[PDB]
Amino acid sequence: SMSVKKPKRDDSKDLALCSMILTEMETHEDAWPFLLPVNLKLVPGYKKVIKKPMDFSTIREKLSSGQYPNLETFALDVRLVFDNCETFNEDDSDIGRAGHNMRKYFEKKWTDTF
């Protein structure tokens, strides 16, 4: 509350650490379904069903232009990529499996870093 704060956490390295995690995400061999926005003109149903599309290149642009006020907002967009993937793809599919793998890969790097 007012004039009552927890000991101040060093958040000066968060931006660079999130960039590092995103670079690791972008270079994983199963990152290919998430590198660029899903093409809404070429994929029927996607624009209608997925209300908040998200991909690694949009995340990179947002991170690089100061559009993440904190750690949590970055993690929400990364998780949104995989929540969208689960909504539109069968678990038993290459993209469906790519999503589950990339999520597990992200969550470990996220716990280990922060």
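Rigid core: the largest C-alpha set superposing within 1.5 Å between the two forms. Note that residue numbering begins at 1 and tracks the sequence as displayed.
Asker: When the core is superposed, where do the C-alphas shift more in 9 other deposited structures of this protein: in 6 to 14 or in 91 to 99?
Answerer: With the rigid core fitted, 6 to 14 is the stretch that strays more in 9 other deposited structures of this protein.
Asker: Mean CA B-factor: is it higher for 80 to 88 or for 37 to 45?
Answerer: Result of the comparison: 37 to 45.
Asker: Taking only the CA atoms, which stretch has the higher mean B-factor in the record, 9 to 17 or 97 to 105?
Answerer: Stretch with the higher mean C-alpha B-factor: 9 to 17.
Asker: Sort the modelled residues of this chain by their C-alpha B factor and say whether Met54 lands in the lowest, middle or highest third.
Answerer: For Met54, whose C-alpha B-factor we compare with every modelled residue in the chain, the answer is the lowest third.
Asker: Using only modelled residues of the chain, where does the Cα B factor of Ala31 rank: lowest third, middle third or highest third?
Answerer: Lowest third, going by the recorded CA B-factors of the chain.
Asker: Within this chain's modelled residues, let me know which third the CA B factor of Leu63 belongs to: lowest, middle or highest.
Answerer: Ranked within chain, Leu63 CA B lands in the middle tercile.
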